[PDB]
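Notes to accompany the following structure.
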Ligand SMILES: Cc1cc2nc3c(=O)[nH]c(=O)nc-3n(C[C@H](O)[C@H](O)[C@H](O)COP(=O)(O)OP(=O)(O)OC[C@H]3O[C@@H](n4cnc5c(N)ncnc54)[C@H](O)[C@@H]3O)c2cc1C
Ligand SMILES: Nc1nc2c(c(=O)[nH]1)N[C@H]1C(S)=C(S)[C@@H](COP(=O)(O)O)O[C@H]1N2
Ligand code: HPA
Ligand code: MOS
Ligand code: MOS
Ligand code: FES
Ligand code: FES
Ligand code: FES
Ligand code: FES
């Protein structure tokens, strides 16, 4: 029974050793592509065209 | 409500478009490596050395893996009598010694070929006869006995004794064994994509070899390109190796076997040798039977004991025999370990039964159908293992098959053909079958499901069963849809996984529809109970309305379901307790024409009548009957494995191993499902269909044996009651050799000889 | 069937140590060491319709869900415990498996008595309140606007 | 100092600058082009799981010709100026299935589905050579394709609709 | 005739035959070498999530020098004959943790864990120059490392154990 | 159309555009391996783990693809696909009188349940011949019919009838290391000439012990008196063989029961297999050699009468 005990965060050791996997740490598939958002530079505007 | 409707297999369109993903179709990670097994070329030998010097010169070579590389345990297999990688000795020709890992499958292949092994040969045992002579068996004798054999034989008018052999069979699933193992690099975690019927054992065996808890290992199965029992246990041979490579390298690793590796390494159906003695009256009524069975089990136990148990349960076929003793022994040999194959010992035992029954009819000089009919069980009879036959439908199938196949009329036509033809002959036979439904191991008769309802009303079902082409997922969707009273378009099953339903039995024994159907049904009942208050408040609302009301009222929309088959547990020590939940029945009539000069034959017409209760899906069920029958046709007439005297398999691909082809099937091929025979014991009154029909393929074998009899009456002797041994499979060699004439004897040359 | 336990719950780990707490909870409830329990990830195919991991209540609510599921497991194991009282967790799990008792369960918790109305100013808005006090001392540099947090 | 290898796959040009003579078409399709509808069932010409259609302009006969082949045995180095059609070339559930794909699916001629692409390509090739075949030509079209699940009856019954 | 770039990463030789001047060390480590312990947190030098240790032979003061750097701003083209050390180069849960890794973990200095490798590398670098630092030197080592979770107290407390 | 060169990690491939280029290359590198359909070479590399560092592909060369109708028979370039051979022969059979198509009809019988459409569309005629498998279904037909082979190298050109001498040993042909097979002429049948071909309907070993045969008889004009007899068998030895001892004894004998007996006695002796012969099926194979001749014997009688 560890309830009430100061048990370290279970992933802490793997986090210190860089073994903990975060989303971008997942290996890429051979055919994996990459996305970048195109974003408004105006607070309020009609979009006339996109080139 | 689609239950009872011929809905196409849910993935059929995707399979026809090449969009359905099988294990090796999964995209590769950028860093993914490939594994190729290194395998023994000797039946029995000490390993003196393994030389990897030349393999290391192959571009893209990563490493060679052996037993020394295993972090946890090198002990594996169902009974812990196998190695992951052979250490000191090899005990069959495809015994896994190690593996090569490389950057491409071509490079892995190249490197594995250049690995040199040095051996010191040991005395090997290859044949059942070898094993018998050497007392080389796994465990002791299995036996079922009823009545008094001395006495039965005293009362008999005639006695016939003999010996029979039935060769094994390669599964020849179109998709060979395949595993991808992805190491996460945290806490021993690994995710595996596997072509397996047994995710639970895959998970267990991987965990054991790595020495990590089972909770670290996730096994996922979307679908298999065929299993037929061959992926029930032997899939772990590849899975465990790939997992070790993933562990050792820290990269994703995959392996898919080449056909020739798969045929050599993974095992097949058990060959059986039987020695039998039957006592009978001049009427054809059976009074005593004694059968000793021996299976060629190969170099580990695996499922061999349960297979032999199932064989002993089916040695009666459909016949009442008051004095009976069957025994079975498992031969321990230097051949790849044999395993489950559709029918699981049943087809072998049923073949042996039909063989002696055919000899009874010949010896009595009576029509075969008459002798079979006379000896058939009745409703409510006890089997040799004391189980009551409730709902015994063989008589109905028999009479329907006789009528619809026009047996008696065609029998006259076969006789007319044989009168008018000298070097070709026809044969015709009608055979019944019964097949016990349930795992022979009582604890495996359990099933789980997990159902989620999402807030748009869409439903995700997961169950312990795996899809291998039998249409299990389709049937489960039909069941869920009926149970919940919503369209099938609202229900989806994605895959089988160990993190959704744990501890699942292998998808096997033909009972998956029954047990997972029940588990899904129960989960569905829970959901319905939870939604009932919302339905009551809003009776003209939609499913979507009720689901959203439940969600907003904080009612859980996720549940497990579980089913355990009741009243099971046979005792070999009391010869009592139910071995099976119920029985599936069927009858098949087949006609053939043989070329007495070449041993070639044509399958002219087959009629099948099967009792499948009230079919959940007649299209899937008819497809199962046709498929099983053709595999049985292969077993008894086409498929032949051949080994060198040193125990090395010769037949390792489609060029040398012939499974049924488009051109092999009967010209007229008719299947009927019996009408108005609901099964009270299973989901929506249905019955298991996967395995029961395979033995009906033997109708072709016994039609061939009929034609041979006519050939022998033409050209060999004048003895109408002569018994000749015809082993299975009835290949052109066996058929030709059986047609003894002026050519086989060399009488055509002027020599004297043993023909007319 | 080795007795290792896999726990899934609707909550996500973002550094707050929720999975650690859930393992501590499960270990206490099951009366087995934390080394036997693992939480691998959060997924929509294990626990559907999950609330966001938010409002500081994940420990309270998933803790209760995990607790309830553990209680179900204990009830199912109880007969096997009584048959083998000097046996181990692993023996009891395998006996249960071989007797075809399910070793999988859901757990669910719904916070009671919540329902404030802005049109009546009544009904509980919260389950309970968390409280605290802080005392801080600073030194400011009146010529630069910089400050030091002293204590 | 090697030449470029140039062939077409489902209507799209492939330029392979470093063709290895050892590379099979099946390997190229699956592991370079990522077209995994075409399957490995044996690697020795017996099973037809890897069946594709090849087309070329035949300089002896003038004719454009269309024929089936086993991708497991075809070196890519034989394919300069040849067009390859795979199962994904003729139709899909995301556009429209070809009648060959529709028929086999709806006639219950696909169980595990592993042989289905190969059978689809054999039937497609026949129809591209003979828009109205006989029942006889149809059965003979499949000597090179094996199916372990179906017992063949439903595949033939489905495709018989194309005859006469 | 573009030159080879040669450097070392965790004791292992890297020969880049086709180095692009625009490539950062962080992109190289993560996306070519597959060493994902080093993190992108900003890409502008302010957060230290991408901290690695660099070592070189200093022709001037003779010695091998060790210093910390942001992999997100280091052009790989600056690294010819430099040795790179990352978090995976100092210890792991599979073999043995370095004291720095063990202490931050056990001291509750890691919550989400995203800044932890960078902070480990900052502390490791300090100890490689000064194996017995002062409390004052310890806090100074972390001016370029941000943590959003811990409030910093437990990290300083765990590393104070290295002082005197 | 020009010569192309492909270079692999182990193998160099040359795609030859003309016959002259091919003969030059073959003279430059006698050990260079020819590949047309790769249906044998692919298996050898994959399963028999052979390596051929130099490969030439002659499939583009006119000649080698040519089909020519001549006075004595139909000539096929050696690179002609078996499907093209089958098509051409099926047309010849439909168009010509039965008495001229006996050999064609035998070829077609051997092609009936041979592989699949996939294999027959790429497998060449010349490749089957030169592969020289003991169990080739075509070589016994070509041998029994005296099919003519045109064989060429830089400088040399010769035409030989295929006979027993063409297959000296296991998987070997009577070609020089620099020679290539250019074309194959399948003969028209003459008056009083009859032909049959048969094959075993089982195969159990990769390239041995499957019985296949070509059988030919030529009578003296308008009689049943044997002028020529040829019985050639695959699957009875390590190569395609002729039962020369047996057939030689039948010359000027009449087609009757006595000939049937003598041939059968001869075949049982000449083709006898040892108990330990590779491939086994010893009794079956002997029985087939005799039963096939019996079928031929009765067919010839129906064709005579
Ligand atoms: C599944 C399948 C089933 C088969 N069934 C049968 C069967 O039932 N009966 C039967 O008899 N055969 C059968 N075969 C064998 C088939 O007929 C031969 O493999 C084929 O004809 C070889 O031709 P290829 O163009 O593919 O030869 P390749 O593999 O390209 O070459 C074959 C050999 O011939 C040499 N060669 C090729 N052309 C020439 C040339 N013109 N001059 C000199 N040498 C040359 C090559 O160097 C090589 O040694 C089968 C093959 C397969 C794959
Ligand atoms: N298409 C297909 N049908 C098949 C198989 C298979 O692998 N593919 N396996 C057979 C075997 S061995 C069994 S036990 C049953 C298992 O499926 P069920 O329990 O869902 O009937 O399917 C049978 N039918
Ligand atoms: O009866 C069985 N027992 C165990 N495994 C099986 N697979 C098929 N049938 C069985
Ligand atoms: O029980 Mo089927 O997997 S042999
Ligand atoms: O409730 Mo915290 O996610 S703002
Ligand atoms: S994979 Fe079987 S023929 Fe190509
Ligand atoms: S559908 Fe499974 S092999 Fe044909
Ligand atoms: S990523 Fe923030 S300093 Fe480099
Ligand atoms: S632990 Fe989360 S940013 Fe530092």
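Residue numbers (UniProt numbering), protein chains in the order written: chain A, 571 to 621; chain B, 571 to 1326; chain C, 1025 to 1175; chain D, 2 to 165; chain E, 2 to 165; chain F, 224 to 528. Just so you know, even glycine gets a beta-carbon here, dropped at the ideal spot from N, CA and C.
Less than 8 Å between the CB atoms is what I'm expecting for residue i and residue j, so what's the real figure, rounded?
i	j	result
residue 1093/C	residue 1068/C	Contact flag wrong, Cβ pair sits at about 18 Å.
residue 327/F	residue 312/F	5 Å
residue 918/B	residue 1149/B	Actually they are not in contact, since the Cβ atoms of residue 918/B and residue 1149/B sit about 17 Å apart, beyond 8 Å.
residue 578/B	residue 95/D	That belief does not hold up - the Cβ atoms of residue 578/B and residue 95/D are roughly 18 Å apart, past 8 Å.
residue 1007/B	residue 1258/B	5 Å
residue 764/B	residue 805/B	7 Å
What do you get for residue i, buried or exposed, if any count of 16 or more other CB atoms within 10 angstroms of its CB means buried?
i	result
residue 54/D	buried
residue 810/B	buried
residue 748/B	buried
residue 1080/C	exposed
residue 586/B	buried
residue 571/B	exposed
residue 1112/C	exposed
residue 528/F	exposed
residue 607/A	exposed
residue 3/E	exposed
residue 19/D	exposed
residue 480/F	exposed
residue 1/D	Given a span of 2 to 165 for chain D in the structure shown, any question on residue 1/D remains unanswerable.
residue 886/B	buried
residue 1177/B	buried
task: Closer than 6 Å is what we want: which residues have a beta carbon that near any heavy atom of ligand 8? List them in chain order.
output: 41/E, 42/E, 43/E, 44/E, 46/E, 47/E, 48/E, 49/E, 50/E, 51/E, 71/E, 73/E
- prompt: When a residue counts only if its C-beta is closer than 5 Å to some heavy atom of ligand 4, which residues count, in chain order?
  reply: Chain order is used for the residues whose beta-carbon lies nearer than 5 Å to a heavy atom of ligand 4, namely 799/B, 802/B, 910/B, 912/B, 914/B, 1078/B, 1079/B.
field: Stretch-stretch touch, CB-based, cutoff 8 Å, three pairs: the stretch 119-130 of chain E with the stretch 65-72 of chain E
entry: yes
- request: Determine contact between the stretch 1014-1024 of chain B and the stretch 1186-1195 of chain B, defined as no fewer than three beta-carbon pairs at a distance below 8 Å.
  value: In this structure the stretch 1014-1024 of chain B does not lie against the stretch 1186-1195 of chain B, because fewer than three pairs of beta carbons, one per stretch, are closer than 8 Å.
message: Would you call the stretch 992-1002 of chain B in contact with the stretch 861-873 of chain B, where contact means no fewer than 3 C-beta pairs closer than 8 Å?
response: no
query: Can you find at least 3 beta carbon pairs, one from the stretch 244-256 of chain F and one from the stretch 370-382 of chain F, that sit closer than 8 Å?
result: yes
- prompt: Do three or more CB pairs link the stretch 1039-1058 of chain B to the stretch 964-977 of chain B at distances below 8 Å?
  reply: Contact between the stretch 1039-1058 of chain B and the stretch 964-977 of chain B is absent, because fewer than three Cβ pairs lie under 8 Å.
query: Counting Cβ pairs, one atom from each stretch, are 3 or more of them under 8 Å apart for the stretch 796-803 of chain B and the stretch 742-761 of chain B?
result: Counting Cβ pairs under 8 Å, three or more are found: they touch.
task: List in chain order: all unbroken alpha helix (DSSP H) runs of 4+ residues lying wholly within the stretch 350-400 of chain F.
output: Counting only runs of 4 or more, we get 362-368.
- prompt: If we count Cβ pairs, one from each stretch, closer than 8 Å, do we get three or more for the stretch 718-737 of chain B versus the stretch 848-867 of chain B?
  reply: yes
query: When the Cβ atoms of the stretch 83-94 of chain E are set against those of the stretch 20-38 of chain E, are three or more pairs found closer than 8 Å?
result: yes
task: Determine contact between the stretch 687-707 of chain B and the stretch 43-58 of chain D, defined as no fewer than three beta-carbon pairs at a distance below 8 Å.
output: no
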